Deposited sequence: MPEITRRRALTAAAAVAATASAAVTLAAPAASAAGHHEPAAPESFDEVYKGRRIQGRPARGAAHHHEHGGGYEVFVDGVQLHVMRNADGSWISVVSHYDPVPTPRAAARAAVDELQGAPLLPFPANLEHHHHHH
């Protein structure tokens, strides 16, 4: 059962999530309109391709961790 969608500006960047070469994913995240690959683990935690080894509780937390990782840099599409 999918997490809720979200939309906010986090550290100056627009992060969005929504239920929907890489897995068939039930949830999409975007950083300034560029899709960020994210993945859910069996225990319900989430990761993203820019923070793959450090599970966080929700897709929004993964989007925020991606903005933190990027330090302002644009994301490239997968």
TODO: Identify which parts of the deposited sequence carry no C-alpha coordinates, going from the N-terminal end onward.
DONE: 1-39, 60-65, 124-134
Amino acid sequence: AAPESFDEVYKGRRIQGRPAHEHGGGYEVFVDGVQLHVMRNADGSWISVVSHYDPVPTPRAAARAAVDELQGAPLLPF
From here on, numbers count along this sequence of modelled residues.
Open item on the list: Which is higher on mean Cα B factor in this entry, 23-31 or 39-47?
Closed with: 23-31
Task: Between 59-67 and 10-18 (mean CA B-factor, as deposited), the higher - done: 10-18
